[PDB]
Amino acid sequence: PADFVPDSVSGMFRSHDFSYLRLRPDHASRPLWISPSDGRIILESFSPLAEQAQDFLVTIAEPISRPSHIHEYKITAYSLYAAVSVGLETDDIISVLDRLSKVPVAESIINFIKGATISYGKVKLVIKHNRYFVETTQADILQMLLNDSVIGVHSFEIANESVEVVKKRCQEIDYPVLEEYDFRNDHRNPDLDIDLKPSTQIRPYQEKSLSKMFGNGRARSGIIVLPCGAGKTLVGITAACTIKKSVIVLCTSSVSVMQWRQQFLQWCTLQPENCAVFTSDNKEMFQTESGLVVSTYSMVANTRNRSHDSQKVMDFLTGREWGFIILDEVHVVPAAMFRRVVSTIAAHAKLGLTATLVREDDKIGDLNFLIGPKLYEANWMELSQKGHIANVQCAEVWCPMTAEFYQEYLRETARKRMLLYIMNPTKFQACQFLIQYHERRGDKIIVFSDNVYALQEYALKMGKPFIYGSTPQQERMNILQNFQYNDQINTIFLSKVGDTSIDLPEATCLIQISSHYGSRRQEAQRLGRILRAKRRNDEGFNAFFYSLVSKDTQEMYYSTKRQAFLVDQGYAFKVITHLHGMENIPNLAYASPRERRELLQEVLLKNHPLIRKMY
Amino acid sequence: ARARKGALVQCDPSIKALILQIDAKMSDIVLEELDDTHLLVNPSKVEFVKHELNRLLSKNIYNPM
């Protein structure tokens with residue numbers, strides 16, 4: 001404090017009264033408010049000199065939230081690591097923050113800046129001949145590590161599997177590891193002539209993300225998150241063209257591997273003879289000294305007894321020093337042995353491209369240890385207002401549960417309760433009315449429900465195609481082709497197949513009947529399937545997202561938990577407890593009480609070459 | 001033409017279904033059922049019913065920390 005007299009109105013503030021900071025006379029031009037408690041930064045966008053501070057904050061801080069008027073950023077250690085790496089010295093940050101803030105910069109914040117910024121770049125992880133070496137420019141840093149000694153100018157070799165433990169331990173100590181690839185000065189790895197085609201244009205936000213990645217002229221391993229359809233694949237192509245080394249790409253699905261191969265051969269000048277695919281059908285590798293190989297997390301991290309050809313390809317991948325790895329959908333990297341794909345592959349630069357950087361467990365905070373610091377956040381409202389992604393109208397329809405259904409809801413176990421709150425007849429009526437209304441508007445509609453039985457029952461009741469796990473692949477392709485082109489099929493019912501990476505036609509309306517508990521990742525993945533619509537160029541176009549939930553159930557709790565991520569992106573879920581046209585729709589599913597009773601009792605009913613012939 | 005000491009309450013069928021399990025748990029909660037929306041709660045426990053109702057519906061509300 002600064003001898004500030006405590007007012008009686010400061011009683012309920014838990015030591016957060018920052019009134020001791022004396023207000024500057026020229027404060028009105030300065031758009032920042034620095035909080036000494038946690039380094040949180042409050043920015044006013046409406047003032048002048050806001051964007052000239054907004055770029056400074058997105059370089060030195062991580063944005064907690066970006067609403068319309070007041071933006072909230074976080075000064076953290078990893079943001080400062082990327083801040084000093086791109087050439088911002090310590091005194092420049094303090095001078096600019098002092099110049100651009102109303103309240104004075106507190107000495108605790110300044111000391112945090114000095115402490116996080118200094119002792120950076122001391123310890124470095126380098127790879128020499130498929131062998132991990134941790135290197136330090138100062139001698140005694142080797143001798144101060146005596147606890148996690150995994151030893152097997154000043155540098156010592158560590159084991160390939162122990163690199164994550166070293167990164168965690170050095171992050172606990174005040175010496176974070178520097179992971180930068182000087183591909184310009186790297187000559188042991190053979191170069192590639194990969195370059196973007198001149199006909200391919202790159203959007204400014206992608207350029208900003210890649211400038212965050214390649215700011216200092218050296219490739220920095222990290223994470224880039226962009227919305228679905230905003231061109232994260234093109235960012236991967238451009239990063240590969242920037243590094244110009246051997247590239248390995250990991251995906252979650254074989255169709256994603258095919259799409260990545262197609263995008264590589266389209267946007268950049270890479271010959272198909274330099275491209276190799278490691279899947280079940282295709283296992284032939286490129287014979288050149290450098291190239292691209294694309295594969296899946298599961299095959300690379302397969303602990304089971306793999307085939308001889310796959311073993312030979314895995315030996316080729318492990319024995320080759322790769323210059324770049326692109327991990328698509330990096331949110332599944334913190335899994336059990338998807339964690340090990342950074343250890344089994346010696347890659348100088350690691351770029352993790354994602355759209356949904358959340359998990360329900362805490363292991364999503366381990367990706368800075370695995371891949372690297374979170375390099376770029378895409379502002380989804382900033383991309384929506386520029387037409388790069390669709391302008392979705394997120395909504396949450398409250399479906400009240402009927403009397404006979406809610407009585408059975410309370411005298412049941414949670415597993416049967418999950419099925420029972422989905423199949424309430426008011427949700428049937430709401431889904432039917434929304435389907436009819438958005439089909440009259442001429443919208444392609446996807447209805448998501450993770451419950452397979454509920455998906456089938458809704459589709460049979462409403463006469464629409466349904467796609468789930470046991471559907472044959474050719475039937476799935478035929479149904480999707482009818483959805484894309486036939487105008488009589490504008491509604492498709494999809495299970496968790498549509499949540500994961502499968503190719504879908506463009507849709508503008510989504511109705512979420514059910515969900516997998518409080519999965520924020522699945523919620524944002526479902527929203528990402530209507531964010532790349534073709535009609536974004538049309539003025540006044542808006543996509544629609546409906547989350548049909550049963551009122552006064554646990555579905556409300558899980559729905560709020562899933563929506564907690566999208567309100568962080570800025571989406572506002574407007575509640576809809578009334579639909580105009582409920583009483584005047586021609587056909588209502590389960591309107592009569594006897595039909596509802598029959599539906600309830602149906603839901604409750606759910607739960608020696610010669611002797612060989614004789615045998 | 002007899003008189004009792006009770007309180008008439010208005011509720012949706014979901015809350016109506018909720019408070020019958022309160023009767024199944026604690027005996028002196030409701031006396032008899034009138035309709036699908038009108039119930040007769042004993043006035044000595046109505047606030048207590050309130051004191052559990054927000055507690056009973058708290059499982060349906062997600063509270064961030």
# chains A, B, ... in the order shown; residues from 1 in each chain; ligands from 1
$ select_by_dssp --residues "stretch 320-551 of chain A" --states "strand (DSSP E)" --output "PyMOL selection string"
chain A and resi 322-328+347-354+374-377+392-399+445-448+466-467+491-494+509-512+543-550
$ select_by_dssp --residues "stretch 279-362 of chain A" --states "alpha helix (DSSP H)" --output "PyMOL selection string"
chain A and resi 297-300+308-319+341-344
$ interface_residues --of "chain B" --to "chain A" --cutoff "9 Å" --atoms "only C-alpha atoms" --output "PyMOL selection string"
chain B and resi 12-18+21+36+57+59-64
$ residues_around --residues "stretch 160-168 of chain A" --least-positions-apart "5" --cutoff "9 Å" --atoms "only C-alpha atoms" --output "ChimeraX atom specification"
/A:125,130-132,134,148-150,173,176-177,340,342-346,366,369-370
$ residues_around --residues "residue B:40" --least-positions-apart "3" --cutoff "12 Å" --atoms "only C-alpha atoms" --output "compact mmCIF listing (two decimals) with N, CA, C and O atoms, in the first residue's frame"
# COMPACT_ATOMS: atom_id res chain seq x y z
N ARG B 4 -59.22 -27.08 8.17
CA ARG B 4 -57.89 -27.54 8.54
C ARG B 4 -56.93 -26.36 8.46
O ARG B 4 -57.26 -25.30 7.93
N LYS B 5 -55.72 -26.55 8.99
CA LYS B 5 -54.68 -25.53 8.97
C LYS B 5 -53.61 -25.93 7.95
O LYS B 5 -52.65 -26.64 8.28
N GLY B 6 -53.78 -25.48 6.71
CA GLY B 6 -52.83 -25.77 5.66
C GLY B 6 -52.67 -24.58 4.72
O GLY B 6 -53.45 -23.62 4.76
N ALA B 7 -51.65 -24.66 3.88
CA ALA B 7 -51.32 -23.60 2.93
C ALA B 7 -51.38 -24.15 1.51
O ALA B 7 -50.73 -25.15 1.20
N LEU B 8 -52.14 -23.47 0.65
CA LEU B 8 -52.26 -23.87 -0.74
C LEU B 8 -51.12 -23.27 -1.56
O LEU B 8 -50.84 -22.07 -1.45
N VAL B 9 -50.47 -24.09 -2.37
CA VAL B 9 -49.31 -23.67 -3.14
C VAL B 9 -49.53 -23.97 -4.62
O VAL B 9 -50.15 -24.98 -4.99
N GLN B 10 -49.02 -23.07 -5.46
CA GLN B 10 -49.07 -23.12 -6.91
C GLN B 10 -47.71 -23.54 -7.44
O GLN B 10 -46.69 -22.95 -7.07
N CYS B 11 -47.69 -24.56 -8.30
CA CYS B 11 -46.43 -25.02 -8.86
C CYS B 11 -46.66 -25.70 -10.20
O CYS B 11 -47.77 -26.15 -10.51
N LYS B 16 -44.28 -30.05 -8.51
CA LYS B 16 -45.27 -30.92 -7.88
C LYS B 16 -44.71 -32.32 -7.69
O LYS B 16 -44.85 -32.91 -6.61
N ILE B 19 -41.96 -32.38 -4.73
CA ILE B 19 -42.32 -32.30 -3.32
C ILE B 19 -43.04 -33.53 -2.80
O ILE B 19 -43.18 -33.68 -1.58
N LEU B 20 -43.50 -34.43 -3.68
CA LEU B 20 -44.06 -35.69 -3.20
C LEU B 20 -42.97 -36.63 -2.68
O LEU B 20 -43.23 -37.41 -1.77
N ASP B 23 -42.48 -35.68 0.77
CA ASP B 23 -43.46 -36.37 1.60
C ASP B 23 -43.05 -37.82 1.85
O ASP B 23 -43.25 -38.34 2.96
N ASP B 28 -44.44 -35.31 7.63
CA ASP B 28 -45.25 -34.10 7.81
C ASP B 28 -44.76 -32.99 6.88
O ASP B 28 -44.16 -32.00 7.29
N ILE B 29 -45.05 -33.18 5.59
CA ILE B 29 -44.74 -32.18 4.58
C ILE B 29 -46.02 -31.76 3.88
O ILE B 29 -46.42 -30.59 3.94
N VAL B 30 -46.68 -32.71 3.21
CA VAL B 30 -47.94 -32.45 2.53
C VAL B 30 -49.01 -33.32 3.18
O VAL B 30 -48.72 -34.39 3.72
N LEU B 31 -50.24 -32.82 3.18
CA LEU B 31 -51.35 -33.53 3.80
C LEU B 31 -52.15 -34.33 2.78
O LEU B 31 -52.30 -35.55 2.91
N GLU B 32 -52.67 -33.67 1.75
CA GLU B 32 -53.29 -34.37 0.63
C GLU B 32 -53.07 -33.58 -0.65
O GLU B 32 -52.85 -32.36 -0.61
N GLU B 33 -53.15 -34.28 -1.77
CA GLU B 33 -52.96 -33.69 -3.09
C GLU B 33 -54.30 -33.24 -3.66
O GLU B 33 -55.30 -33.96 -3.59
N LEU B 34 -54.32 -32.03 -4.23
CA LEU B 34 -55.53 -31.44 -4.79
C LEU B 34 -55.61 -31.60 -6.30
O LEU B 34 -56.56 -32.21 -6.82
N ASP B 35 -54.63 -31.08 -7.03
CA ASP B 35 -54.65 -31.08 -8.48
C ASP B 35 -53.25 -31.43 -8.98
O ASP B 35 -52.38 -31.86 -8.21
N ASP B 36 -53.04 -31.24 -10.28
CA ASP B 36 -51.71 -31.34 -10.87
C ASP B 36 -50.89 -30.07 -10.72
O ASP B 36 -49.74 -30.04 -11.15
N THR B 37 -51.47 -29.01 -10.14
CA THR B 37 -50.74 -27.77 -9.92
C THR B 37 -50.97 -27.15 -8.55
O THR B 37 -50.24 -26.21 -8.20
N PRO B 43 -48.20 -25.39 7.00
CA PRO B 43 -47.53 -24.08 7.10
C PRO B 43 -46.34 -24.06 8.04
O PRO B 43 -45.52 -23.13 7.94
N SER B 44 -46.20 -25.03 8.95
CA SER B 44 -45.07 -25.05 9.86
C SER B 44 -43.77 -25.49 9.19
O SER B 44 -42.70 -25.36 9.81
N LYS B 45 -43.83 -26.01 7.97
CA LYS B 45 -42.64 -26.49 7.28
C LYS B 45 -42.45 -25.89 5.89
O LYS B 45 -41.50 -26.28 5.20
N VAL B 46 -43.31 -24.94 5.48
CA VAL B 46 -43.30 -24.43 4.11
C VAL B 46 -41.96 -23.77 3.79
O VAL B 46 -41.33 -24.07 2.76
$ closest_residue --among "A:491, A:143, A:413, A:252" --to "residue A:432" --atoms "only C-alpha atoms"
A:491
$ atom_distance --atom1 "atom CA of residue A:599" --atom2 "atom CA of residue A:412"
16.8 Å
$ decode --residues "stretch 139-166 of chain A" --atoms "N, CA, C and O atoms" --output "CSV table (one decimal), in the first residue's frame"
chain,number,residue,atom,x,y,z
A,139,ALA,N,27.9,-22.8,-16.9
A,139,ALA,CA,28.3,-24.1,-16.4
A,139,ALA,C,27.6,-24.6,-15.2
A,139,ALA,O,27.1,-25.8,-15.1
A,140,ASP,N,27.4,-23.7,-14.2
A,140,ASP,CA,26.9,-24.2,-12.9
A,140,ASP,C,25.4,-24.6,-12.9
A,140,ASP,O,24.9,-25.2,-12.0
A,141,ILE,N,24.7,-24.3,-14.0
A,141,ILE,CA,23.3,-24.8,-14.1
A,141,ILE,C,23.3,-26.3,-14.3
A,141,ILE,O,22.3,-26.9,-13.9
A,142,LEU,N,24.3,-26.9,-14.9
A,142,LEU,CA,24.4,-28.4,-14.9
A,142,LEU,C,24.6,-28.9,-13.5
A,142,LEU,O,24.0,-30.0,-13.1
A,143,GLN,N,25.4,-28.2,-12.7
A,143,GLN,CA,25.7,-28.8,-11.3
A,143,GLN,C,24.6,-28.5,-10.3
A,143,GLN,O,24.6,-29.1,-9.3
A,144,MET,N,23.7,-27.5,-10.6
A,144,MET,CA,22.6,-27.3,-9.7
A,144,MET,C,21.5,-28.3,-9.9
A,144,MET,O,20.6,-28.3,-9.0
A,145,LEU,N,21.4,-29.0,-11.0
A,145,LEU,CA,20.5,-30.1,-11.1
A,145,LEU,C,21.1,-31.4,-10.6
A,145,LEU,O,22.0,-32.0,-11.2
A,146,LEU,N,20.6,-31.7,-9.4
A,146,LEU,CA,21.1,-33.0,-8.8
A,146,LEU,C,19.9,-33.9,-8.4
A,146,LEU,O,20.1,-35.0,-8.0
A,147,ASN,N,18.7,-33.4,-8.5
A,147,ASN,CA,17.5,-34.1,-8.1
A,147,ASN,C,17.0,-35.0,-9.2
A,147,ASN,O,16.9,-36.3,-9.1
A,148,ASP,N,16.6,-34.4,-10.4
A,148,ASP,CA,16.1,-35.2,-11.5
A,148,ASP,C,17.2,-35.4,-12.5
A,148,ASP,O,17.2,-34.9,-13.6
A,149,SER,N,18.2,-36.2,-12.1
A,149,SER,CA,19.4,-36.5,-12.9
A,149,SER,C,19.1,-37.7,-13.7
A,149,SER,O,19.1,-38.9,-13.2
A,150,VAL,N,18.8,-37.5,-15.0
A,150,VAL,CA,18.5,-38.6,-15.9
A,150,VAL,C,19.5,-38.6,-17.0
A,150,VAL,O,19.2,-39.0,-18.2
A,151,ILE,N,20.8,-38.2,-16.7
A,151,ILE,CA,21.8,-38.2,-17.7
A,151,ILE,C,22.2,-39.6,-18.1
A,151,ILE,O,22.4,-40.5,-17.3
A,152,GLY,N,22.3,-39.8,-19.4
A,152,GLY,CA,22.6,-41.1,-20.0
A,152,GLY,C,23.6,-41.1,-21.1
A,152,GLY,O,24.1,-40.0,-21.4
A,153,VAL,N,28.1,-26.0,-25.7
A,153,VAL,CA,29.3,-26.1,-24.9
A,153,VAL,C,29.1,-27.0,-23.7
A,153,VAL,O,29.6,-28.1,-23.6
A,154,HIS,N,28.3,-26.5,-22.8
A,154,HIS,CA,27.9,-27.3,-21.5
A,154,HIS,C,26.6,-28.0,-21.8
A,154,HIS,O,25.5,-27.3,-21.8
A,155,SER,N,26.6,-29.3,-22.0
A,155,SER,CA,25.5,-30.0,-22.3
A,155,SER,C,25.7,-31.5,-22.0
A,155,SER,O,26.8,-32.0,-22.0
A,156,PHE,N,24.6,-32.2,-21.7
A,156,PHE,CA,24.6,-33.6,-21.4
A,156,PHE,C,23.4,-34.3,-22.0
A,156,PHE,O,22.3,-33.7,-22.1
A,157,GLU,N,23.5,-35.5,-22.5
A,157,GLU,CA,22.5,-36.2,-23.2
A,157,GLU,C,21.5,-36.7,-22.2
A,157,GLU,O,21.8,-37.3,-21.1
A,158,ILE,N,20.2,-36.5,-22.5
A,158,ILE,CA,19.1,-37.1,-21.7
A,158,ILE,C,18.4,-38.1,-22.5
A,158,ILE,O,18.5,-38.2,-23.7
A,159,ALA,N,17.6,-39.0,-21.9
A,159,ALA,CA,16.9,-40.0,-22.6
A,159,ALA,C,15.7,-39.4,-23.3
A,159,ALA,O,15.2,-38.3,-23.0
A,160,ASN,N,15.3,-40.1,-24.4
A,160,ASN,CA,14.2,-39.6,-25.2
A,160,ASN,C,12.9,-39.6,-24.5
A,160,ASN,O,12.1,-38.7,-24.7
A,161,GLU,N,12.6,-40.6,-23.7
A,161,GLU,CA,11.4,-40.7,-22.9
A,161,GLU,C,11.3,-39.8,-21.7
A,161,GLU,O,10.2,-39.5,-21.2
A,162,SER,N,12.4,-39.3,-21.3
A,162,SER,CA,12.5,-38.4,-20.1
A,162,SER,C,12.5,-36.9,-20.4
A,162,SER,O,12.7,-36.2,-19.4
A,163,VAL,N,12.3,-36.5,-21.6
A,163,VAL,CA,12.3,-35.1,-22.0
A,163,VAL,C,11.2,-34.4,-21.3
A,163,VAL,O,11.3,-33.2,-20.9
A,164,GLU,N,10.0,-35.0,-21.2
A,164,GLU,CA,8.9,-34.3,-20.5
A,164,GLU,C,9.1,-34.1,-19.0
A,164,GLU,O,8.8,-33.0,-18.5
A,165,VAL,N,9.8,-35.0,-18.4
A,165,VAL,CA,10.1,-34.9,-17.0
A,165,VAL,C,11.1,-33.7,-16.8
A,165,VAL,O,11.0,-33.0,-15.8
A,166,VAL,N,12.1,-33.6,-17.7
A,166,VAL,CA,13.0,-32.6,-17.6
A,166,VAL,C,12.3,-31.2,-17.8
A,166,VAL,O,12.6,-30.2,-17.1
